[PDB]
Every structure is written in structure tokens, then in C-alpha cells.
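Let's start with one chain on its own, the form deposited in one PDB entry, as C-alpha cells.
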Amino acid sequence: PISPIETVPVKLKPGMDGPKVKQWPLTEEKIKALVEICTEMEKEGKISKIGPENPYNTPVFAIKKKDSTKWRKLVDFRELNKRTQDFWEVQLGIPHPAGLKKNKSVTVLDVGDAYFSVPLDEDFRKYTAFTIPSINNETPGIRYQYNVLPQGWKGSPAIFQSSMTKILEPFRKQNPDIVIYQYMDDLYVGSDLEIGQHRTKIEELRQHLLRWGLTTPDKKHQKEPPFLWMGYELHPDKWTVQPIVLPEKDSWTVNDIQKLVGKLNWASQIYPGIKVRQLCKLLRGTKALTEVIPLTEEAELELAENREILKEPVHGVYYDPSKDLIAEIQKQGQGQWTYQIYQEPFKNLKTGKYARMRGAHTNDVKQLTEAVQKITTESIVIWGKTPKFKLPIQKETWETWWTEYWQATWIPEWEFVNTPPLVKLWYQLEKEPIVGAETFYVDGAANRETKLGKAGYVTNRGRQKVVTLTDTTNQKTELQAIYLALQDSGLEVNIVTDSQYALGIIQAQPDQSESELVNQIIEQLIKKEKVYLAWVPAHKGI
């Protein structure tokens, strides 16, 4: 059943030419078969014999399709695909489950080998040439070519897709209240019509395609809800999450653990609470991928406590456009955030978590911020809109922080939710010097090459110290200086430094960094009651 649809012009990449690869030798069994199979689609008009005026060739194979001790074929276009032009979005991103709306019914039609229903650009066909050898390479091979979109070829989907989209426009319009989703060779149709109506329509549709030689399976040979959408299990009115099965195991190999933490990490998105910390520790030093690792007891408790989480399956709802979108956030730890999106409290649409690699230097609020952002993007992609937010941060806190931060930042319409732990400013450098406080003039220098440094200070109150450092660096010395100063200061301190990095802290006032040293200071700062940090040009008289 071929189709009467205009072919999409297809041409090879810039200045390249058709495939020219040799045909493997075949058994009496692998040749007999392909001769039969090909003679089939041959009569079907799918392929056509070609003479020696075609210098191209693709390697044909023969594998006996499992669950059928019968033979089937397949061609290797790897080369052709290399030489074929590109097309646009062969998959502009998959619609996510939280973005759908409930329907009374959702049928799914396997257009199937509709790929072979769509006619290939007459001109291009020549490149699809392939050969069926003969026993003793006596008589030449029987040559063919595709007159229709071939399985495995680059342009196939793209073309099939658009073709489809065309064939579907008219029906779509006649039936606006119906929803079709074209994906691969599967046609997802849903509606809010009463069943009988729905049924009739699918039939109406089914016949529509059919008018285009587009054969699809009847109501007695379709697939039925739930529908497994990579990850989720889908029912016209709701979706679910598996649950996931953790293989209870004997010995654990590195590779195994990895694959494990993977599945696990994937899950934390839905089941926050999941933890893979100690499990991750089992990789440290791992010499080979197949070496077995003694699962530490800490690892047992964790791996265990996870199976439990993955017991309770997960139910979710679909998107109701009639309702606002609410996104709530939680800080599970330093750098970790959880969020859930729902319309009706507890009726979750979507959820997830994020681990924030401290990186150079951040602060919780900033991170909070980045979360929102990410979230906001996700939302839009799915709902074409952004969620009103519920955040564990007070408005005062936020206002204090952003109006003064050096970088431009923003949080869409949001509302504080008093769900501890709230994000707060761990500290704040005074805007001006502290009257009646020690003043520490700090300095630290290190020989770049020998890595020998000295850190120290002296105060207006006469106090002084100094330290010799081995295997250090300058930035470190500098900081160190500041560190000591904080160390020996007392609840109120004024610290003056010519450090470039100190200029950084002043400006970003980070509450976390990759540098253990910095962190050391961060902690110290938090401890102080009031700190005033000042910077002065280096090597000047000061």
C-alpha cells in the first residue's frame, strides 16, 4: 500500500557522492531468504531492480527476527547517512507528562511500516542501491533500490513526520476537539468525547490515513492504556511512576555500582529523600570496572533505606489549564534543593532536585535564585508559562540581599512560605568601620617559586602575630592573614587588606566556596558579630 504524496526533495551533503561499499559473502540460507523477502517488496512496488548504470551500493544483511524462526532483512546505510544532507528537528524535545491534560480516552495507532508507504525523492533513489550476491559469485548479484522511504536512513523520520503532519492537517481541523501526537511510528490520539464518539472518530481517522495508502492497525490490534512513556506509565486521566526495582545482590562490581547510582540519581527527582553518598564512596580508587567492592555497612543501610523509598509507587496528575501553577522549593542541604509543582496542594504535576557544585564562590540566596530560574525555564517549556513561587526565604532577606548584590538578579512573582529551614544571610560585612573595635592590618606574601610564605598582622591596639608557611602560595598567604586576624580578633573587628581576593569577598560576600581555606574564613565571619573589611592598594605607604 504505497501513498500518493509529493516527495520531499532530498540531496547529499555538499559535493559528496553516493555510497560505494562491497557486499559481504552469504550462506546458502542467508541468500535464499533475501531473494524471497526482496521478491516480496519487489512486487509490492517498494523496491525496483536496477542495472549497472548505478555505481553505488549499500551492504545488505539477513537476521532471523527473534520469536520467528523465519528470516527478515536489514540494510546498512551508515555510509549513505554520512553523505546525506541534514534536516531540522528530528526530535525537538519530547513532551513531558506533567505537561499533558487529562482525557477521557487515548488510543494509540501503530502506523508501523508507514515508512514504506511514503515515496522517496525519485532522483535520490539511486543512492539506495544494494546487492544480493549469488552462491559462488558466479552469476552477478541481483540489484535493487528503494522507491520508498527506507528503514534506517537518515531522512526517513523527518520526511515521514512532516508528510504525516500534512496528511493530518485537514482531519485536525475537522476535529479540533481531538488531540493527536505524532511520535516515531506511533500516533497518540486522545479526547474528551464519550467513548462511542471517540471510537467512531479514531475509525474516521484510521480511514483517513488509509486513503493515503496509509495502512494502520484496526481496533482489534492496537495498544492500550497505560502507556509507558519512557519513565512514566500513562493513563488518560493520570500517570504513575513504575516503581523501580533494585537488584538485591551478592558481589558488587564498580560498573555495577555506577549503573546503580545512575538509576538512583534518576529517581531522587521523583523520590527526594534518596541518598547515594556512601554508595558513591565505594568508587574512590576503583582500579578496574569489573573489580568487586566490599559494600560498607554504611552502604548497606543506605542501599537498604533506598529500596524502601522505591516501594511506594508514585501517582501524579495531568495539567489543568484552568488553574494557576504553584512551585514550592526546599533546601535539602547546602547546595541541594527540592521542588515540587502542583495546582491543587499535594496533587503533584512534577518534582525534582538539584545538587549545586559550590564552584568558585556562591551563597545560598544566589543558589535559591538559580533554582527558581531553572524551574522557571522548565515550566515554560512545558506549560508555556511560569509558576507563582512559594519560597523558604523572607522578603526582608531577599530585599536586603538583591538590592545590594553586584550582579543583576530577579525572582518572578513569589511568596514566602515559612517552611524551615529558611535561607538566610549567614553574615554581612559592615558598610563602614566599627567604632571601638580592634583594627587588624594584615598582610601575607609568598615566594612563588619556592612556595615559602609569611602571614600576619598588627593591630592599632598593639597586638601582633606572624606565621611562616611551607608549600603555600600567595593567594593562600593573603587569605591566611585575614584568617588569623579573624581568629584572634573577637566579636567585633576591622580588617584592612590589600588582597585582590578580599575585594572579591567584600563584593560577593560568599557563604560557600571550593576553597577549604576560604570556607574556613567564611565560618569565622559567620562567628563574628560585626566585621568591617577594607581594602587598600598594595605596595603603597599604607
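Take the two forms, find the largest set of C-alpha atoms that superpose within 1.5 Å, and that set is the rigid core. Each residue number is its position in the shown sequence, starting from 1.
Enquirer: Going by the average Cα B-factor in the PDB entry, point out whether 409-417 or 85-93 comes out higher.
Expert: The stretch with the larger average C-alpha B-factor is 85-93.
Enquirer: State which stretch shows the higher mean Cα B factor in the entry: 46-54 or 494-502.
Expert: Here the higher of the two C-alpha B-factor means belongs to 46-54.
Enquirer: Among 349, 195, 100, 142, where is the Cα B factor highest in this entry?
Expert: Answer, based on the entry's C-alpha B-factors: 142.
Enquirer: Taking the values straight from the PDB record, which of 184, 164, 303, 132 has the highest C-alpha temperature factor?
Expert: Checking the PDB record, the top C-alpha B-factor among 184, 164, 303, 132 is at 132.
Enquirer: Within this chain, which third does the Cα B-factor at residue 338 fall in: lowest, middle or highest?
Expert: Residue 338: CA B-factor falls in the lowest third of its chain.
Enquirer: Divide the modelled residues of the chain into thirds by Cα B-factor and specify which third, lowest, middle or highest, holds residue 8.
Expert: For residue 8, whose C-alpha B-factor we compare with every modelled residue in the chain, the answer is the middle third.
Enquirer: Just say lowest, middle or highest third for the CA B-factor of residue 22 relative to the other modelled residues in its chain.
Expert: For residue 22, the deposited C-alpha B-factor lands in the highest third.
Enquirer: Would you check the entry's CA temperature factor for residue 321 and let me know if it's in the chain's lowest, middle or highest third?
Expert: Within its chain, residue 321 is a middle-third residue by C-alpha B-factor, going by the deposited values.
Enquirer: Based on the entry's values, in what third of the chain does the Cα temperature factor of residue 168 lie: lowest, middle or highest?
Expert: Its C-alpha B-factor, which the entry lists for residue 168, ranks in the lowest third among residues of this chain.
One more form of this protein, deposited in another entry, exists but is not displayed; see below.
Enquirer: Superposing on the core, which single option in 207, 418, 464, 165 has a CA shift of 2 Å or more between the shown form and the other one?
Expert: Going through each option, the one that shifts is 464.
Enquirer: Would the C-alpha of residue 266 be classed as shifted by 2 Å or more between the shown form and the other one after rigid-core alignment?
Expert: Yes, shifts by 2 Å or more.
Enquirer: When you overlay the rigid core, is the Cα of residue 286 off by 2 Å or more between the shown form and the other one?
Expert: The answer is yes; the displacement is at least 2 Å.
Enquirer: Could you check, with the core superposed, whether the Cα atom of residue 395 shifts 2 Å or more between the shown form and the other one?
Expert: It does not, since the residue 395 C-alpha is displaced less than 2 Å between the shown form and the other one after the core fit.
Enquirer: Explain in one word, closer or farther, how the Cα atoms of residue 506 and residue 431 are placed in the other entry relative to this form, where the distance changes by 3 Å or more.
Expert: Residues separate in the other entry, at least 3 Å farther apart.
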